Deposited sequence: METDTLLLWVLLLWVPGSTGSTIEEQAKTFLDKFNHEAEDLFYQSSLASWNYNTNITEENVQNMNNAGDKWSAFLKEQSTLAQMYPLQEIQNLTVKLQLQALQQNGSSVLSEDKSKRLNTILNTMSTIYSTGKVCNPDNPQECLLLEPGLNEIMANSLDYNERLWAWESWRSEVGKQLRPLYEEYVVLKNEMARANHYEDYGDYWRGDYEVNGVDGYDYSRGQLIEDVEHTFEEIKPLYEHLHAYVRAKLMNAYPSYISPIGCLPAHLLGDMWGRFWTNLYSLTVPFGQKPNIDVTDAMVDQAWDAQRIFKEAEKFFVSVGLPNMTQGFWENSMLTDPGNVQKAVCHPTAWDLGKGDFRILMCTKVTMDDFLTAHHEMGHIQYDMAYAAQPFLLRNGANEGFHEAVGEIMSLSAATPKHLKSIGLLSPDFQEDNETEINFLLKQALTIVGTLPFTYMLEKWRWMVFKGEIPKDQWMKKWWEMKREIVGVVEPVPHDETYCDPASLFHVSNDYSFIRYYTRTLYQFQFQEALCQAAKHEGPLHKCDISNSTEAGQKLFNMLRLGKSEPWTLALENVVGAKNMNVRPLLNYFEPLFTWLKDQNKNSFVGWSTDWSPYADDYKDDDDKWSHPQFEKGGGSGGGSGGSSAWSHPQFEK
């Protein structure tokens, strides 16, 4: 019969037994994670190999059906996802070499000694709490020299092999292959292109340049008080003084730069301990939040299957917080819950991931995912934004019934959150731009480090303390770069997060600033959210974005509207100090 009908029959055969193999492998992984031992590793590896072999065989079988004949725009989506030939185009020797390179990179990064003083916690504590110039410089340079120097030729060979593999799949470069996620075709008025994402990021970054400039000037002025003779008024911040090994986040800088240090922050750890919360009541409160918004209950097996506290001394378990979607109606949470505010907020976040997983469970197997890579963390995170407000903590009995808030605490909270939200956008943008240019071939192999540090000086405003020759490979030191991970998800996550928060806050009829806003007891906000949640990947991410915000493309205006009082206060504070930086000045 027609190719459409054969494709439909093939997909109906695949979805069954795909769900089965996926459930078995996921259950094996959960058994290993909750109970680590020698025997469980063999089950985990066996199930993983079985699932991988099944997926490869089904891809080879699905290669037969030509994609032009199908005209359903859902069967076509599932076929497009399934015919992802990918890395198998490489020769057997080339594939072996590529896997060897990746494994060597992961091995060398995982075990790195600068002595004895491993990366964690030996070097993180030095880089986060030393407060001494010489110690921080020594740790920074030693880690660079020990790790990044050894990864130069491996990274060069990785670049050439990955570029050739990506060109083999009818793509221009490997960067284009990465950007292929943000691409929707075939729908009139909703289409998008990979060449559109190279722009629409430069534009939004040009919009937030002044806010970052003011924050950078304020931090440098407040930081010259310490380190008196090593910072210049006009110039860049030295690279190792950013409170991290790479300067990805500025959170550790908070203790140095507080606007009003007299006022303590809101902290309810002692309130929790006084009432003796039992590490299960936290998830009860999270469920109460999500019910009051208008979203459904939790499944009956969630409470009995999942483990929500450390198993004990006899049974060892890795418990990095995680939300598990095992399939077949099975949802679980892996957390070592303690009575602290951070655990309360992260319980809210993971519960949000689970609530996202329940929505599109009715969709076929290939379409059970977020609309793109940024939609899923943003939905997870707006829940924590709503749960952190003083109003919400006041409604529960843990915060004091008679609490009076002054604008000093508003400024402290806004600055604390801004050192993390808008402090990492320039770094993400610069890193991904450098990787895109390297893969494209614009930067020759002899000019990698010069262009990297020129971009660091020009875009981020961060200057290196000691010069680096072409033997060094600084970007390869980061976990994501050497271990083959995409990085543009963290740029778009914040933008989507703030757009969703503004839409949900305006739908719930809130008045005043955006950062005091709360969406509990609002059924219409929950219904608007659930309309987008239930789509899964079936509809283009532009349409899923329109169903909540009302705009097709991502916008940065709500991010600035969130940070407006902080911006006004910063302008007032920096009316006297210099704003901007000079590229010429260097520490040496």
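Stretches of the deposited sequence lacking C-alpha coordinates, numbered from 1: 1-20, 136-142, 616-654.
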